[PDB]
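Below you will find one chain, with nothing else, as structure tokens; this is the form deposited in one PDB entry, and questions on how it binds or moves follow later.
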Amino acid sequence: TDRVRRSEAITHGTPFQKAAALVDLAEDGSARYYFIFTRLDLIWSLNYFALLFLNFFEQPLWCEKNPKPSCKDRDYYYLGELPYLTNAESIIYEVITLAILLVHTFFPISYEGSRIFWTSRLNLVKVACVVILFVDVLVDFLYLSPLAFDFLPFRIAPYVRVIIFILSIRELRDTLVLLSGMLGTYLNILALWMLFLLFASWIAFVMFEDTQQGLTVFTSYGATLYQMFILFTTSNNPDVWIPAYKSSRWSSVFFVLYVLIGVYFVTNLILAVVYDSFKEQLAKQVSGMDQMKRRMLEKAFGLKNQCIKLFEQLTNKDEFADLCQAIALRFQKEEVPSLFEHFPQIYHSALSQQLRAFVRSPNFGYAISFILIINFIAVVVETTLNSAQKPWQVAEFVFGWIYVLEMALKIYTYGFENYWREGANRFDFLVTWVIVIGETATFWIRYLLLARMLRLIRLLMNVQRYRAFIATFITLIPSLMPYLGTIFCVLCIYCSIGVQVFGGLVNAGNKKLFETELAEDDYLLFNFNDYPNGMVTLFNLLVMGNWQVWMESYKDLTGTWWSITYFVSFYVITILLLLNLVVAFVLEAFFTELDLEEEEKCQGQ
């Protein structure tokens, strides 16, 4: 009842209650209308997701330019398995999600007020984008009628959807303010990297000029620079320099020195610079949150007798902020009473506490781990077979009951809340329900095998040593999520670009295609013909095993070197700036875990 108590105290409470609520929620990290707005936050979140995802199901723009065969022949164009919305459906969902977007974007006026609403850059830009969207939707609708428009060259909506998405989920916007902080420092190292590629490709071009390497690979400075760029990635190693090696073994000493420097001395320098600027910008950013927290505590101060009255509320200016911080850092948050303490003879009679202490014992935990080991053995046995298996449906129900009981005993020992407040106990909760639902619905086969597999993670989580690594992993995941989301938004952009520029080129009637490395390596389903296909392709480009295959093949399908700029800038932005950020984040998380246990050790000693 924390949120309800806070909002009630803020909107109706006496000033000491308002101050207590403000300080409590600052420690936890027109008020009425702000609450009314926030009560729809799930609607906003889901609508913005829908808004994005509806990008996946729209028909790709080249299918409307009357191809033969038509896009009903998905085998000819190597197309995905997702449906394409009809005109009707498109119109429907466009209208619905634009209407809810218009509701959300203007609803803050109820507490911000017009002068602030128009004074504020974020609202001004969101209104700009939703107008852009509405314009484009209108235009699209009009294009229903041939009177309005003959033809559309380009669709802006796919972009604006993405933009809108990024502006809606604040943590993505703050990640982009961090990234646009470090970007200017990243451009200097990217310039020194390009100066390195230039000079190394010029040495290679002079050195091999008349050789078979020059005659068949390094045929010009441009092609040398291209090849050396690829070799920076290591992706064309050794293939690129086989002609060299053939003519003289000594050539290897050049290719080895180039690879060693590029990979070891330079790529790690790019990581070091990204790591440094990330850490600086992160420290810069958190200071803003700390300052806003102080401003909120100063508001609570404004809104010895007063100290006694506030401590009385707590039972439920610089000195004030210092006291609030001291109590926040010293004290755990207050206990919440369970729904069962109201039954005096039931909840409180000594048998209850005896069973609680028993289930709270460590030897109970050992026994539970042994029972789950026995279940793991049982499933590893059962998967030797697939009617003799039928009793293992009873074994299924048996372990189902076992986990139902263990979940019940956990909620009995700690209420609903202090059971669940550990993320592992949340995983327990989820897998218990899903497997109970599956087993009772059976009373998929393979999917129940998979789920019972998935439940085995418990034995990993239990390992005391590994549990440090796992705690790193666990805090990492939701901390990583806004960076992978930014990556994904980038992929979305790139995908859109790709389908507009390259969509339709990979098809079974194309005589050039069967000369390309996509046809030769059988990558033909990794194409930009629709939004799914592209997305997957982009993942291959991201992990970057065989990446140059696509760059090459689309060079050859489009007939212009300019096409390369796509793949190059993709590489630059994704591989260098963002994945090194991911690296740095993982590193910092790990070391933070070690600093945490080091602090615990120091304070204990």
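We number the residues from 1 along the sequence you see. Rigid core here is just the name for the largest C-alpha set that superposes within 1.5 Å across the two forms.
The following text describes the form deposited in another entry, which does not appear among the structures shown.
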(message) Listing 282, 474, 454, 223 as candidates, which single one shows a C-alpha movement of 2 Å or greater between this form and the one not shown when the core is held fixed?
(response) 454
(request) Could you tell me whether the Cα atom of residue 370 shifts by at least 2 Å between this form and the one not shown after core superposition? (result) yes
(request) Superpose the two forms on their rigid core, then report whether the C-alpha of residue 94 is displaced by 2 angstroms or more between this form and the one not shown. (result) no
(message) I want to check residue 421: does it shift between this form and the one not shown by 2 Å or more at the Cα, with the core superposed?
(response) yes
(request) Note whether the distance between the C-alpha atoms of residue 424 and residue 169 decreases (closer) or increases (farther) in the other form, against the displayed form; the change is 3 Å or more. (result) closer
